[PDB]
């Protein structure tokens, strides 16, 4: 692996978004992973639709929660790989309640064929990300509300509750670290990002890492 990677510097990551009062983190994680994957497949960076998942993926639970894996599964086994563009299925759940789902004629902004699952090993996740781009991951984020910047070294790491996107790491530093995209607007953290220490499984970050596959 290289000493440091940051996919934002390669234009592979969209603007920081805002889930509102909806527990749809899982959606924003999964969709952000696909957005990056599509670009790295050689297509242009495009905002894809979390509202599609929140409203139409029935195996997950909309604003009451879900899982990135399920979402990749539902997209491929139930939605023929189609991830609609945001422009075409805009986000409407920011108030907290999620609208019903109805679908003549949306614009497919991306086609995935599957997903992969990464080992529960930070070095292995990093080697994959170094080659193939941002990784969907789960974390314990109970210590996060109070975050305003810096590298987290004492993350409460007891129980997973939130999905985010790993977009880089830096093993060069005195304290190595992951770079993670959150979905709580750019008001929160380091313009909407958080760095957490790398190598101590901070926030259980390695426990549930996965990625969509553009095939």
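Take the two forms, superpose them, and find the largest set of C-alpha atoms that agree within 1.5 Å; that set is the rigid core. Positions refer to the first chain, counted from 1.
Between stretches 119 to 127 and 100 to 108, the one whose Cα atoms sit farther from the displayed model in 8 other deposited structures of this protein on average is 100 to 108 (core-aligned, root mean square). Higher average CA B factor: 142 to 150, of the stretches 142 to 150 and 174 to 182. Taking only CA atoms, the mean B-factor in the PDB entry is higher for 54 to 62 than for the other of 54 to 62 and 30 to 38. Annotation for 164, 156, 167, 68: 156 ranks highest, by Cα B-factor. Between the residues 5, 209, 1, 212, the entry's highest C-alpha temperature factor is the one at 1.
In the deposited entry, the Cα temperature factor of residue 93 places it in the highest third of its chain's modelled residues. Compared with the other modelled residues of the chain, the Cα B-factor recorded for residue 14 ranks in the lowest third. Among the modelled residues of the chain, residue 134 sits in the lowest third by CA temperature factor in this PDB entry. Among all modelled residues in this chain, the alpha-carbon of residue 101 has a temperature factor (C-alpha) in the highest third. Remark: residue 122 belongs to the lowest third of its chain, ranked by C-alpha B-factor as recorded.
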